[PDB]
file coords-v5.csv (CSV, N, CA and C atoms)
chain,number,residue,atom,x,y,z
A,1,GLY,N,37.4,-15.3,53.5
A,1,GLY,CA,36.4,-14.6,54.4
A,1,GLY,C,35.4,-13.9,53.5
A,2,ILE,N,34.1,-14.1,53.7
A,2,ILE,CA,33.1,-13.5,53.0
A,2,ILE,C,33.0,-12.0,53.3
A,3,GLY,N,33.1,-11.7,54.6
A,3,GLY,CA,33.1,-10.3,55.0
A,3,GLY,C,34.4,-9.6,54.8
A,4,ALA,N,35.5,-10.4,54.6
A,4,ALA,CA,36.8,-9.8,54.3
A,4,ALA,C,36.9,-9.2,52.9
A,5,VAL,N,36.0,-9.7,52.0
A,5,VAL,CA,36.0,-9.2,50.7
A,5,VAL,C,36.0,-7.7,50.6
A,6,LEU,N,35.2,-7.1,51.4
A,6,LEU,CA,35.1,-5.7,51.5
A,6,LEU,C,36.3,-5.0,52.1
A,7,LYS,N,36.9,-5.7,53.1
A,7,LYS,CA,38.0,-5.2,53.8
A,7,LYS,C,39.3,-5.2,52.9
A,8,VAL,N,39.5,-6.3,52.3
A,8,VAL,CA,40.7,-6.5,51.4
A,8,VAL,C,40.7,-5.3,50.4
A,9,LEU,N,39.5,-4.8,50.1
A,9,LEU,CA,39.4,-3.7,49.1
A,9,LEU,C,40.3,-2.5,49.5
A,10,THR,N,40.5,-2.3,50.8
A,10,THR,CA,41.4,-1.2,51.3
A,10,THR,C,42.8,-1.7,51.6
A,11,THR,N,42.9,-3.0,52.0
A,11,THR,CA,44.2,-3.6,52.3
A,11,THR,C,45.0,-3.8,51.0
A,12,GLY,N,44.3,-3.8,49.8
A,12,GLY,CA,44.9,-4.0,48.6
A,12,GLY,C,45.7,-2.7,48.1
A,13,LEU,N,45.3,-1.6,48.7
A,13,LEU,CA,45.9,-0.3,48.3
A,13,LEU,C,47.4,-0.3,48.7
A,14,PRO,N,47.6,-0.5,50.0
A,14,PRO,CA,49.0,-0.5,50.6
A,14,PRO,C,49.8,-1.7,50.1
A,15,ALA,N,49.1,-2.8,49.8
A,15,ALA,CA,49.7,-4.0,49.4
A,15,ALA,C,50.0,-4.0,47.9
A,16,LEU,N,49.2,-3.2,47.1
A,16,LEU,CA,49.5,-3.1,45.7
A,16,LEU,C,50.8,-2.5,45.4
A,17,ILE,N,51.1,-1.3,45.9
A,17,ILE,CA,52.4,-0.6,45.7
A,17,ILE,C,53.5,-1.3,46.5
A,18,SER,N,53.1,-1.9,47.6
A,18,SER,CA,54.1,-2.6,48.5
A,18,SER,C,54.8,-3.7,47.7
A,19,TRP,N,54.1,-4.3,46.7
A,19,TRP,CA,54.6,-5.4,45.9
A,19,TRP,C,55.8,-4.9,45.1
A,20,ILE,N,55.6,-3.8,44.4
A,20,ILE,CA,56.7,-3.2,43.6
A,20,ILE,C,57.8,-2.5,44.4
A,21,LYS,N,57.3,-2.0,45.6
A,21,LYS,CA,58.3,-1.3,46.5
A,21,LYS,C,59.3,-2.3,47.0
A,22,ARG,N,58.9,-3.4,47.5
A,22,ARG,CA,59.8,-4.5,48.1
A,22,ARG,C,60.7,-4.9,47.0
A,23,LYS,N,60.3,-4.8,45.7
A,23,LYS,CA,61.2,-5.2,44.6
A,23,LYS,C,62.5,-4.4,44.6
A,24,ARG,N,62.4,-3.1,44.6
A,24,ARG,CA,63.6,-2.2,44.6
A,24,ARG,C,63.9,-1.8,46.0
A,25,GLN,N,63.1,-1.0,46.6
A,25,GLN,CA,63.3,-0.6,48.0
A,25,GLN,C,62.8,-1.6,49.0
A,26,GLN,N,62.9,-1.2,50.3
A,26,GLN,CA,62.5,-2.1,51.4
A,26,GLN,C,61.0,-2.4,51.2
call {"tool": "encode", "arguments": {"input": "coords-v5.csv", "output": "structure tokens"}}
result
Amino acid sequence: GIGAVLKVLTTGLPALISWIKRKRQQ
């Protein structure tokens, strides 16, 4: 999505740490 490029910018915040989080914790 062309317009999603700007959206993902914020979605990457919670998804960034979520990656390492799921690793150890839920």
call {"tool": "select_by_dssp", "arguments": {"input": "coords-v5.csv", "residues": "chain A", "states": "helix (DSSP H, G or I)", "output": "PDB file with N, CA and C atoms, keeping the file's coordinate frame"}}
result
ATOM      1  N   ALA A   4      35.500 -10.400  54.600  1.00  0.00           N
ATOM      2  CA  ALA A   4      36.800  -9.800  54.300  1.00  0.00           C
ATOM      3  C   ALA A   4      36.900  -9.200  52.900  1.00  0.00           C
ATOM      4  N   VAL A   5      36.000  -9.700  52.000  1.00  0.00           N
ATOM      5  CA  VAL A   5      36.000  -9.200  50.700  1.00  0.00           C
ATOM      6  C   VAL A   5      36.000  -7.700  50.600  1.00  0.00           C
ATOM      7  N   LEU A   6      35.200  -7.100  51.400  1.00  0.00           N
ATOM      8  CA  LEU A   6      35.100  -5.700  51.500  1.00  0.00           C
ATOM      9  C   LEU A   6      36.300  -5.000  52.100  1.00  0.00           C
ATOM     10  N   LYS A   7      36.900  -5.700  53.100  1.00  0.00           N
ATOM     11  CA  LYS A   7      38.000  -5.200  53.800  1.00  0.00           C
ATOM     12  C   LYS A   7      39.300  -5.200  52.900  1.00  0.00           C
ATOM     13  N   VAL A   8      39.500  -6.300  52.300  1.00  0.00           N
ATOM     14  CA  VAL A   8      40.700  -6.500  51.400  1.00  0.00           C
ATOM     15  C   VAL A   8      40.700  -5.300  50.400  1.00  0.00           C
ATOM     16  N   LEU A   9      39.500  -4.800  50.100  1.00  0.00           N
ATOM     17  CA  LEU A   9      39.400  -3.700  49.100  1.00  0.00           C
ATOM     18  C   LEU A   9      40.300  -2.500  49.500  1.00  0.00           C
ATOM     19  N   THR A  10      40.500  -2.300  50.800  1.00  0.00           N
ATOM     20  CA  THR A  10      41.400  -1.200  51.300  1.00  0.00           C
ATOM     21  C   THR A  10      42.800  -1.700  51.600  1.00  0.00           C
ATOM     22  N   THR A  11      42.900  -3.000  52.000  1.00  0.00           N
ATOM     23  CA  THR A  11      44.200  -3.600  52.300  1.00  0.00           C
ATOM     24  C   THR A  11      45.000  -3.800  51.000  1.00  0.00           C
ATOM     25  N   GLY A  12      44.300  -3.800  49.800  1.00  0.00           N
ATOM     26  CA  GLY A  12      44.900  -4.000  48.600  1.00  0.00           C
ATOM     27  C   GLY A  12      45.700  -2.700  48.100  1.00  0.00           C
ATOM     28  N   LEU A  13      45.300  -1.600  48.700  1.00  0.00           N
ATOM     29  CA  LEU A  13      45.900  -0.300  48.300  1.00  0.00           C
ATOM     30  C   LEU A  13      47.400  -0.300  48.700  1.00  0.00           C
ATOM     31  N   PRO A  14      47.600  -0.500  50.000  1.00  0.00           N
ATOM     32  CA  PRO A  14      49.000  -0.500  50.600  1.00  0.00           C
ATOM     33  C   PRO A  14      49.800  -1.700  50.100  1.00  0.00           C
ATOM     34  N   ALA A  15      49.100  -2.800  49.800  1.00  0.00           N
ATOM     35  CA  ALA A  15      49.700  -4.000  49.400  1.00  0.00           C
ATOM     36  C   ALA A  15      50.000  -4.000  47.900  1.00  0.00           C
ATOM     37  N   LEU A  16      49.200  -3.200  47.100  1.00  0.00           N
ATOM     38  CA  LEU A  16      49.500  -3.100  45.700  1.00  0.00           C
ATOM     39  C   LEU A  16      50.800  -2.500  45.400  1.00  0.00           C
ATOM     40  N   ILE A  17      51.100  -1.300  45.900  1.00  0.00           N
ATOM     41  CA  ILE A  17      52.400  -0.600  45.700  1.00  0.00           C
ATOM     42  C   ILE A  17      53.500  -1.300  46.500  1.00  0.00           C
ATOM     43  N   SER A  18      53.100  -1.900  47.600  1.00  0.00           N
ATOM     44  CA  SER A  18      54.100  -2.600  48.500  1.00  0.00           C
ATOM     45  C   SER A  18      54.800  -3.700  47.700  1.00  0.00           C
ATOM     46  N   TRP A  19      54.100  -4.300  46.700  1.00  0.00           N
ATOM     47  CA  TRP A  19      54.600  -5.400  45.900  1.00  0.00           C
ATOM     48  C   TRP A  19      55.800  -4.900  45.100  1.00  0.00           C
ATOM     49  N   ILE A  20      55.600  -3.800  44.400  1.00  0.00           N
ATOM     50  CA  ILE A  20      56.700  -3.200  43.600  1.00  0.00           C
ATOM     51  C   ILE A  20      57.800  -2.500  44.400  1.00  0.00           C
ATOM     52  N   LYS A  21      57.300  -2.000  45.600  1.00  0.00           N
ATOM     53  CA  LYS A  21      58.300  -1.300  46.500  1.00  0.00           C
ATOM     54  C   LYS A  21      59.300  -2.300  47.000  1.00  0.00           C
ATOM     55  N   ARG A  22      58.900  -3.400  47.500  1.00  0.00           N
ATOM     56  CA  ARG A  22      59.800  -4.500  48.100  1.00  0.00           C
ATOM     57  C   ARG A  22      60.700  -4.900  47.000  1.00  0.00           C
ATOM     58  N   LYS A  23      60.300  -4.800  45.700  1.00  0.00           N
ATOM     59  CA  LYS A  23      61.200  -5.200  44.600  1.00  0.00           C
ATOM     60  C   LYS A  23      62.500  -4.400  44.600  1.00  0.00           C
ATOM     61  N   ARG A  24      62.400  -3.100  44.600  1.00  0.00           N
ATOM     62  CA  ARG A  24      63.600  -2.200  44.600  1.00  0.00           C
ATOM     63  C   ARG A  24      63.900  -1.800  46.000  1.00  0.00           C
TER      64      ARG A  24
END
call {"tool": "atom_distance", "arguments": {"input": "coords-v5.csv", "atom1": "atom N of residue 5 (chain A)", "atom2": "atom C of residue 22 (chain A)"}}
result
25.7 Å
call {"tool": "atom_distance", "arguments": {"input": "coords-v5.csv", "atom1": "CA of residue 14 (chain A)", "atom2": "CA of residue 1 (chain A)"}}
result
19.3 Å
call {"tool": "build_atoms", "arguments": {"input": "coords-v5.csv", "residues": "region 5-21 of chain A", "atoms": "N, CA, C and O atoms", "output": "CSV table (one decimal), keeping the file's coordinate frame"}}
result
chain,number,residue,atom,x,y,z
A,5,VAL,N,36.0,-9.7,52.0
A,5,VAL,CA,36.0,-9.2,50.7
A,5,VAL,C,36.0,-7.7,50.6
A,5,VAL,O,36.7,-7.1,49.7
A,6,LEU,N,35.2,-7.1,51.4
A,6,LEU,CA,35.1,-5.7,51.5
A,6,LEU,C,36.3,-5.0,52.1
A,6,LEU,O,36.7,-3.9,51.8
A,7,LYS,N,36.9,-5.7,53.1
A,7,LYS,CA,38.0,-5.2,53.8
A,7,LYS,C,39.3,-5.2,52.9
A,7,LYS,O,39.9,-4.2,52.8
A,8,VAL,N,39.5,-6.3,52.3
A,8,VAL,CA,40.7,-6.5,51.4
A,8,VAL,C,40.7,-5.3,50.4
A,8,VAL,O,41.8,-4.9,49.9
A,9,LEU,N,39.5,-4.8,50.1
A,9,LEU,CA,39.4,-3.7,49.1
A,9,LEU,C,40.3,-2.5,49.5
A,9,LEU,O,40.9,-1.8,48.7
A,10,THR,N,40.5,-2.3,50.8
A,10,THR,CA,41.4,-1.2,51.3
A,10,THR,C,42.8,-1.7,51.6
A,10,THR,O,43.7,-1.0,51.4
A,11,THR,N,42.9,-3.0,52.0
A,11,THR,CA,44.2,-3.6,52.3
A,11,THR,C,45.0,-3.8,51.0
A,11,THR,O,46.2,-3.9,51.0
A,12,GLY,N,44.3,-3.8,49.8
A,12,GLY,CA,44.9,-4.0,48.6
A,12,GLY,C,45.7,-2.7,48.1
A,12,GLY,O,46.6,-2.8,47.3
A,13,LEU,N,45.3,-1.6,48.7
A,13,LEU,CA,45.9,-0.3,48.3
A,13,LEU,C,47.4,-0.3,48.7
A,13,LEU,O,48.3,-0.1,47.9
A,14,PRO,N,47.6,-0.5,50.0
A,14,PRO,CA,49.0,-0.5,50.6
A,14,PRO,C,49.8,-1.7,50.1
A,14,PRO,O,51.0,-1.7,50.1
A,15,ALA,N,49.1,-2.8,49.8
A,15,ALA,CA,49.7,-4.0,49.4
A,15,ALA,C,50.0,-4.0,47.9
A,15,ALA,O,51.0,-4.6,47.4
A,16,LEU,N,49.2,-3.2,47.1
A,16,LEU,CA,49.5,-3.1,45.7
A,16,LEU,C,50.8,-2.5,45.4
A,16,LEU,O,51.7,-3.1,44.7
A,17,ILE,N,51.1,-1.3,45.9
A,17,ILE,CA,52.4,-0.6,45.7
A,17,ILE,C,53.5,-1.3,46.5
A,17,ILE,O,54.6,-1.3,46.1
A,18,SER,N,53.1,-1.9,47.6
A,18,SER,CA,54.1,-2.6,48.5
A,18,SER,C,54.8,-3.7,47.7
A,18,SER,O,55.9,-4.1,47.9
A,19,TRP,N,54.1,-4.3,46.7
A,19,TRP,CA,54.6,-5.4,45.9
A,19,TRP,C,55.8,-4.9,45.1
A,19,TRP,O,56.9,-5.5,45.1
A,20,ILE,N,55.6,-3.8,44.4
A,20,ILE,CA,56.7,-3.2,43.6
A,20,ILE,C,57.8,-2.5,44.4
A,20,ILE,O,58.9,-2.5,44.1
A,21,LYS,N,57.3,-2.0,45.6
A,21,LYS,CA,58.3,-1.3,46.5
A,21,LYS,C,59.3,-2.3,47.0
A,21,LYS,O,60.5,-2.1,46.9
